[PDB]
Amino acid sequence: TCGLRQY
Amino acid sequence: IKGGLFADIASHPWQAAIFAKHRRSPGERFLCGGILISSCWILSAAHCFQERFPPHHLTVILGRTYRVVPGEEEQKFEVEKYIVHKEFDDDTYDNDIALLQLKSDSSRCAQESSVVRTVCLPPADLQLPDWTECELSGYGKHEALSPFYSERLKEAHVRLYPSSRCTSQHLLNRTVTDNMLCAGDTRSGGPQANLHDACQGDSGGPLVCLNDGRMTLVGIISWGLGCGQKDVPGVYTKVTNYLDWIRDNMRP
Ligand SMILES: N=C(N)c1ccc(C[C@@H]2CCCC[C@@H](Cc3ccc(C(=N)N)cc3)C2=O)cc1
Numbered sequence: 002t003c004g005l006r007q008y
Numbered sequence: 139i140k141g142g143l144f145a146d147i148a149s150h151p152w153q154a155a156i157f158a159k160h161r162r163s164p165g166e167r168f169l170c171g172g173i174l175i176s177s178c179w180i181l182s183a184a185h186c187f188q189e190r191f192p193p194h195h196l197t198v199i200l201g202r203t204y205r206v207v208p209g210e211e212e213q214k215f216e217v218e219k220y221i222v223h224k225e226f227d228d229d230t231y232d233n234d235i236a237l238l239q240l241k242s243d244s245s246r247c248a249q250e251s252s253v254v255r256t257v258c259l260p261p262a263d264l265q266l267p268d269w270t271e272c273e274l275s276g277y278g279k280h281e282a283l284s285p286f287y288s289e290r291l292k293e294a295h296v297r298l299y300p301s302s303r304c305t306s307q308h309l310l311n312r313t314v315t316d317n318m319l320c321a322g323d324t325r326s327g328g329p330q331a332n333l334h335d336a337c338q339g340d341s342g343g344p345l346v347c348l349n350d351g352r353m354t355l356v357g358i359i360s361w362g363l364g365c366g367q368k369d370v371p372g373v374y375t376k377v378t379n380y381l382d383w384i385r386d387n388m389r390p
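Top to bottom, those sequences are chains A and B. The number in the working numbering is simply the position in the first sequence, starting from 1, with 1 added. The number in the working numbering is simply the position in the second sequence, starting from 1, with 138 added.
Now the structure itself:
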């Protein structure tokens, strides 16, 4: 969903 | 982005590259950055559209790490209609916000992926503590003095400035209104070569903070005086002030 990314 | 570091699109899936062309279609130039809020809607800065461009002459490219080098999993869309905030002022840049509707074949345009994702809009009551470190990204200049934009995506980190400190006085007498936000690197005497800051070309891009476990959009790179200038913060549009506007103008 929104606000998520890859770290 | 002045200072900062090179970043891969996957670290900021919500960054949009907006390109535009010229008379006779000789080539499409990088206009401004954008922020992906929903599948077919991306926000940007109203000032970027001061030349009144015909929508079909605006291309939003998602999932792209290098400014002009096409990405492995990018998504290019043409603009159907772009709404520019009516109360936007060209002198003061007050109300520097705009919406770009993406043209698609279905109800969905931008297909969420590992490199393409939306930013969570801020809650109406979002009150982030002064000096919280938020981050920004963009393909803009590394130096406001530079004649070139960034060949690749970059990210920087700025500290949110207290309300009081975001005043005309503190910004060389330019008009700072209640729709503006101030953030800027606050380091001195460190090991780094440049103060972190947005710059010409980053406009329309996102200033995002971590809120309730998710990256929340807080402001839109609007304007400033130079880039990475000692004791001068950068101005960003208060997205919270336009949550209402955003919801209202998102018409299919
Ligand atoms: N009086 C005003 N309200 C005013 C003052 C200057 C500008 C310059 C212009 C307007 C268009 C050209 C680029 C732009 C981009 C930019 C973005 C971020 C930063 C930063 N945080 N250092 C610097 C520059 C800018 O600030 C616009 C408006």
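Ideal placement from N, C-alpha and C gives every residue a C-beta, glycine not left out.
Query: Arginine 202 of chain B versus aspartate 232 of chain B - alpha carbon distance; Result: 30 Å
Query: Identified DSSP bridge partners for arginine 290 of chain B; Result: B:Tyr204
Query: Beta-carbon proximity list for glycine 342 of chain B, same chain, < 6 Å, skipping 5 on both sides; Result: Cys170, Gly171, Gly172, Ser182, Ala183, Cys186
Query: Closer than 7 Å at the beta carbon, the chain C residues around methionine 388 of chain B; Result: Within the model displayed, chain C is absent; protein chains A and B are what it includes.
Query: Own chain residues within Cβ distance below 7 Å of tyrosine 204 of chain B, not counting five before or after; Result: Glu289, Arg290
Query: CB contact check: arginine 255 of chain B to chain A, cutoff 9 Å; Result: yes
Query: Euclidean distance between Cα positions of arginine 246 of chain B and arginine 255 of chain B; Result: 13 Å
Query: Check whether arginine 303 of chain B and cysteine 272 of chain B have beta carbons under 9 Å apart; Result: no
Query: Against chain A: residues of the segment 242–269 of chain B by CB proximity under 7 Å; Result: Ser252, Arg255, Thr256, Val257, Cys258
Query: Residue-level contact to chain A via CB, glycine 357 of chain B, 9 Å cutoff; Result: no
Query: Any beta strand (DSSP E) of 3 or more consecutive residues that is wholly inside the segment 265–312 of chain B; Result: 271–276, 292–298
Query: Straight-line Cα distance separating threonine 305 of chain B from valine 356 of chain B; Result: 19 Å
Query: Pick from B:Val370, B:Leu259, B:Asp335, B:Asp243 that is closest to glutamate 218 of chain B, judged by C-alpha positions; Result: B:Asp243
Query: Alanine 282 of chain B to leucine 363 of chain B span [Cα, whole Å]; Result: 9 Å
Query: Within chain A, the residues that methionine 318 of chain B reaches when beta carbons sit closer than 7 Å; Result: By Cβ distance, chain A contributes nothing, its closest Cβ being about 24 Å from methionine 318 of chain B, past 7 Å.
Query: For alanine 155 of chain B, the residue or residues it bridges with in DSSP; Result: B:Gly171, B:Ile199
Query: Contact residues within the segment 179–203 of chain B, judged by C-beta distance below 8 Å to chain A; Result: none
Query: Segment limits, beta strand (DSSP E) that includes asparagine 349 of chain B; Result: 344–349
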